[PDB]
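S.K.: Make a model of this:
(4 chains, ligands or ions: 4)
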Amino acid sequence: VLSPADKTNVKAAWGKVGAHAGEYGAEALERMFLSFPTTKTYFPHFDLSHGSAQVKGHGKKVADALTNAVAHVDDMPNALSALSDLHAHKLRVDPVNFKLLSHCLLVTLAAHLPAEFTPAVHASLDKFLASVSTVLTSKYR
Amino acid sequence: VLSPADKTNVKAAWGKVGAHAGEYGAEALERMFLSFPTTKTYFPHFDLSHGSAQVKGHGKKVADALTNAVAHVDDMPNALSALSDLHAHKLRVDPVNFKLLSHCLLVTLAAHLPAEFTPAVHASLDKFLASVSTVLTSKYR
Amino acid sequence: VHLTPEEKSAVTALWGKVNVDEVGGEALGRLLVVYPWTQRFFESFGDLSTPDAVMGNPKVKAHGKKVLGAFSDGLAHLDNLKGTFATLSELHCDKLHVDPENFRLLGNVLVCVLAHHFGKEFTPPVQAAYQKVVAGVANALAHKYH
Amino acid sequence: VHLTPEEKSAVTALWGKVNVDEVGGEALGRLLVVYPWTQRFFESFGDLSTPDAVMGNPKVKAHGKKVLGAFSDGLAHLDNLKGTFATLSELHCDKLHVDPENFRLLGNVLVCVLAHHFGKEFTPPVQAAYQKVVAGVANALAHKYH
Ligand code: HEM
Ligand code: HEM
Ligand code: HEM
Ligand code: HEM
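M.R.: Residues are numbered from 1 along each chain as shown, chains lettered A, B, ... in the order given. Ligands and ions are numbered 1, 2, ... in the order given. You can find the structure just below:
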């Protein structure tokens, strides 16, 4: 669903991010690969190193995807089905993995946006990534 | 999503059930309450007994809901949001619990429809209950 | 484990049967057909396209008998389930990097496979019993992640 | 547990700080505000309507300090985490019937609470460390279900 409030809470929280958005993707990824190593069996072709121009690169991508999503909030399905197909059908991504990432994403946001990571947003925000994952895994349902 | 095939695989599997549908709900419930006792902290007011005219009763209900769903497959959201609100907002149902039930439901179907519980259906069917849960929990997203 | 002795019988007796040769496959198979993502771990088994390709797949039925084998074992070693699966733990964990979750899935489909084959006799209680083993096994495997 | 000694420090040192009195609440609170269904276990705490009602709720902050307390403990008893939480296990399991899942959630929000309060210093590695404790604690609690 995502109420007219979460969609405001998300948008704001994202807006208050900026160019850093990309840099935050890469960081969220690192957190995940270090925190939940199980998830690494998806990026063998990646040098999950600490400064990997690869991890840093994927971030820029994951970021713009979450943004593409924040922009078409009232309609992410027809937006990410591009990825849904990829993530579902092609890459065969274990769904749980969309939780773990979606977590590090929030832990990351939390560690950079101290002023606005209010519980209100936090919750609002979770739902968002929740709705994103949901869609990214909707091509499983 | 649910392809034009799963929707055929579901419908058939359900059709091949009949009046028993209700009786299958009640049984699925019993399986769940016995298998995953954690789930019982939702029906204190129920006599989770083996013949409970309550468990047997709820079945009839859960059943008709899954049917209401099989009938409005190309549109369960606007059908179950009735329940979504209840299950989400009012009853505060732990989402995992929609997995466990959705499991016993399939274990139950499996133990009564041996001829048609082909892996094809099984999978098709899972997705269905998956899509049901999803919606029933969509009022969480 | 635990299993009321009343629960062992149900497990012990209803298991004595089991088309051991077929069931292992029915599980592993339905697994890779119901929860596709698991196919990521068996690309090296041949065409897993449609389910008819998955089921009749020799490579599968062959792995299934062992998966079931590993249960037979765990079933007669509930006393110490963790350890028995030590190797396997290492193999599915620090070596194959499988998600503890996928272990709840294989045991869940298996339960369905059982729910299937035996049908009516697979009473809710008998299930509640296997549902305990399936987990108790999903955990031993899980072991090597902490 | 395990924790490279390199990992203990990160956990040990970055934890020495912690507004112990506040953080416990920040977790339990955000919990009942982010994952509402958990409120089912604290209706007996007063208005949990809006989050502003949840956060400033004395009953909460009071429970939080203990939740955090139970960690402090588990943190200095990683050697034997299961047992230390024996009572608590019984209390959240065979007595409160909470889903093992909700234990991964409280530790996850907590991690966020930490991710918050310390901000920049909560390096991915430091997280990966807590992420280990949080789990190792979610499991001990879980214990009494098998
Ligand atoms: C938070 C949700 C996520 C978003 C928005 C996201 C977004 C993206 C985007 C846009 C790409 C680049 C696609 C391209 O360049 O064509 C991608 C690829 C991919 N994603 Fe994600 N992703 C998410 C979660 C995940 C998770 C949870 C995993 C792994 C556990 C994962 C695994 C992959 C893999 C392996 C690739 C392909 C890697 C490669 O070959 O470069 N993603 N994702
Ligand atoms: C497979 C999906 C499910 C369907 C289709 C379903 C359907 C229903 C229906 C139609 C009712 C009766 C509503 C009424 O008479 O107004 C109901 C009530 C309820 N459901 Fe479910 N349900 C599902 C899953 C669950 C789960 C997983 C739980 C518990 C773990 C649960 C907990 C409840 C409770 C406690 C009630 C209210 C009980 C009462 O006061 O009588 N349901 N459900
Ligand atoms: C209760 C859970 C499970 C049991 C009982 C089980 C048991 C086993 C056993 C005994 C083997 C045979 C190894 C040998 O002796 O050579 C094996 C191997 C393997 N298992 Fe499982 N397994 C479980 C779940 C799964 C799941 C969920 C996956 C992940 C999708 C999986 C992936 C593998 C793979 C890839 C091998 C390949 C062995 C090889 O490389 O030849 N298993 N498992
Ligand atoms: C890492 C996980 C958790 C820890 C560390 C934890 C720890 C504790 C501790 C130590 C107490 C105080 C008991 C006392 O000394 O009187 C307690 C009580 C309780 N916990 Fe948690 N808990 C955890 C997660 C949760 C979750 C997820 C729920 C479920 C929603 C929950 C529900 C309860 C309830 C209802 C009590 C009430 C005690 C009373 O009746 O007075 N806890 N917990």
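S.K.: Could you use CA atoms for every contact and neighbour count after this?
M.R.: Noted.
S.K.: For the closest residue to ligand 1 within chain C, give me the backbone phi and psi.
M.R.: Chain C approaches ligand 1 most closely through residue C:99 (11.0 Å), counting by CA to the nearest ligand atom. Torsion angles at residue C:99 (phi, psi; degrees, to the nearest 10) stand at phi -80, psi 130.
S.K.: need the helices for the chain, in chain order.
M.R.: You didn't say which chain, so I picked chain A. Along chain A, counting by DSSP state H, helices occupy A:6-15, A:20-35, A:55-71, A:77-85, A:97-110, A:119-138.
S.K.: that's the wrong chain, I meant chain C
M.R.: Defined through DSSP H, the helices belonging to chain C, from first to last, are C:5-16, C:20-34, C:51-55, C:58-75, C:81-84, C:86-92, C:100-117, C:124-142.
S.K.: For the residue nearest to the residue of chain C closest to ligand 1 when sequence neighbours are not counted, give its distance to residue C:137.
M.R.: Leaving aside its chain neighbours, residue C:99 sits nearest to residue A:38 (6.8 Å; criterion: CA to CA, 6 or more residues apart in numbering or on different chains). The spacing between residue A:38 and residue C:137, counted by CA to CA, to the nearest Å, is 19 Å.
S.K.: Among these two, which residue is more densely surrounded?
M.R.: When neighbours are counted by other CA atoms under 10 Å in any protein chain shown, residue A:38 and residue C:137 differ, and residue C:137 comes out ahead with 24 against 19.
S.K.: What is the neighbour count of residue 43?
M.R.: Just so you know, I chose chain A. Burial of residue A:43, expressed as a neighbour count using other CA under 10 Å, amounts to 12.
S.K.: other chain: chain C
M.R.: Per other CA under 10 Å, the neighbour tally for residue C:43 reads 10.
S.K.: same check, this time on the one 10 residues further on
M.R.: The burial metric for residue C:53, expressed as a neighbour count using other CA under 10 Å, is 14.
S.K.: and it, what is it in contact with?
M.R.: For residue C:53, the contacting residues are residue C:47, taking CA atoms under 8 Å, 6 or more residues apart in numbering or on different chains as the criterion.
S.K.: Need the nearest residue in space to the residue most central in space within chain C, chain neighbours excluded.
M.R.: In chain C, the C-alpha nearest the mean C-alpha coordinate belongs to residue C:107, at 4.2 Å (CA atoms, centre = their mean). Once flanking residues are discounted, residue C:107 sits nearest to residue C:134: 4.9 Å by CA to CA, 6+ apart.
S.K.: Am I right that the one you found is in contact with residue C:108?
M.R.: Yes. Using CA atoms under 8 Å, residue C:134 is in contact with residue C:108, at 7.1 Å.
S.K.: what's the distance between the spatially closest residue to residue A:135 that is not a sequence neighbour and ligand 1?
M.R.: With sequence-adjacent residues excluded and distances taken as CA to CA, 6+ apart, residue A:135 is closest to residue A:77, at 6.0 Å. Shown here: residue A:77 relative to ligand 1, a distance of 12 Å by CA to the nearest ligand atom, to the nearest Å.
S.K.: Residue A:119 now?
M.R.: Spatial separation of residue A:119 from ligand 1 under the definition CA to the nearest ligand atom is 20 Å.
S.K.: Kindly report the same for residue A:39.
M.R.: Using CA to the nearest ligand atom, residue A:39 is found at 5 Å from ligand 1.
S.K.: Please look at that residue and residue A:30 and confirm they touch.
M.R.: No. Contact criterion CA under 8 Å: residue A:39 and residue A:30 do not qualify, at 10.8 Å.
S.K.: ok, the two, which is more surrounded?
M.R.: More crowded of residue A:39 and residue A:30, by other CA under 10 Å: residue A:30, with 27 against 22.
S.K.: show me what contacts the closest residue to the more buried one other than its chain neighbours?
M.R.: Distance criterion CA to CA, 6+ apart; nearest residue to residue A:30, sequence neighbours excluded, is residue D:124 at 6.6 Å. Going by CA under 8 Å, 6+ apart, residue D:124 touches A:27, A:30-32, A:34-35.
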